[PDB]
């Protein structure tokens, strides 16, 4: 049609809020301000308590929360079947889910366990494939799926180890989904976020060193936050990004472009 960022009459599933620092919460704040109906997903019960507390910050009249552990085909198939009944058809999904064992992230990459490797692949990459298959059922008119990645999918970064191979997998997942679901007018894209202080990120060594290197070396000489990812998520989830699919947008102050 034309260029509009008015997301009234739009419904978006947002997977992977855990606390106020979660990137997916940044996405939620932004989509909320633009007047979208938001469905939320969580794994742990601690995340449900946090979500209910955080909905007070939003202008969401009715809370729709669904527990989905992406490790379970059943929790994913049932979760999306249930969303279809409770809220009906949706316009897109924001995927903000990743995990690896701290054991495998400290080790030399060559020491990585078969279990730690396939675990990282399962949660951080395959989750997008099954989520896409199910969400498709609620998007007969078309829609937009967005996953969150890191530069470590494209380059060997110190300490990212097994998560780098998971993100490389995720980034190829996005391309293959984009080619598969394109004929159904479903767009699939990734956001490569710069480093952000979150629940997942807190408790890895010298994370403050990486934040300082970005401020020093990145073109914009600053770090990014959850809302900047949110703004780009709005572009990719809305029809502003029509004709964009299989794309990876770096929201990282230009760090990807330098060496």
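Residue numbers count along the first chain shown, from 1.
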property	result
Which of 102-110 and 176-184 has higher mean CA B factor, as the PDB entry lists it	102-110
Mean Cα B-factor comparison, 191-199 or 38-46, giving the higher one as deposited	38-46
Top Cα B factor in the deposited entry, candidates 55, 27, 224, 218	55
Modelled-residue ranking by C-alpha temperature factor, third containing residue 31	middle
Entry-reported Cα temperature factor of residue 144, expressed as the chain third it lands in	middle
Cα B factor band for residue 204 (lowest, middle or highest third within the chain)	highest
Lowest, middle or highest third - CA B-factor, residue 169	lowest
Third of the chain's Cα B-factor distribution that residue 122 belongs to, per the entry	middle
